[PDB]
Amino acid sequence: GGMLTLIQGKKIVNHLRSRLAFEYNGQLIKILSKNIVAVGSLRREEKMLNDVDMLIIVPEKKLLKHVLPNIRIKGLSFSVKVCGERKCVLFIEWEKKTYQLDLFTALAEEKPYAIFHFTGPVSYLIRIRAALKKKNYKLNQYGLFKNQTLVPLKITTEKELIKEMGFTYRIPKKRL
């Protein structure tokens, strides 16, 4: 896929926000825009993008079988590259040129951890996880674990989560 200016990327996301659905036992379920979070370099406001990234919050676990494996896009032609229950990669045709689209899934109780994970950047994410590792924790896109056990942080947002683990909050674009 080609390179995208930040604003080009914001147009695709805006366009797609009302246009993703999934086929669920024949029926065609539309995905709410309130349940889509733009992530990746887009969310970090980088000048140029290699991917458009969209994290989908799925309401109930039983749907992971159905959302990305049956994902559908109103209007737009595209091909599937790789796809599964938690990561789908699509090459969308958009104005006589093709770009790469990464859809990811998180459940509701994983939401902050997933936005944290997928917002990146990779450098920022490694150095944080290295420090928690040294304190015998593990952090991924689903939770914080100690002794192979979820740590039930009483948090809801990314901002709260970041601070609850012992880090200051930075807007997405100042993460490094």
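Residue indices: 1-based, along the sequence shown.
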Of 145-153 and 51-59, the stretch whose C-alpha atoms average the higher B-factor in the entry: 145-153
28-36 versus 117-125 - which carries the larger mean C-alpha B factor in the record: 28-36
Third of the chain, ranked by Cα B-factor, where residue 19 sits: middle
Residue 130 - Cα temperature factor, lowest/middle/highest third of chain: middle
Modelled-residue ranking by C-alpha temperature factor, third containing residue 81: middle
Residue 64 CA temperature factor, ranked by third within the chain: highest
Third assignment of residue 104 from its chain's C-alpha B-factors: lowest
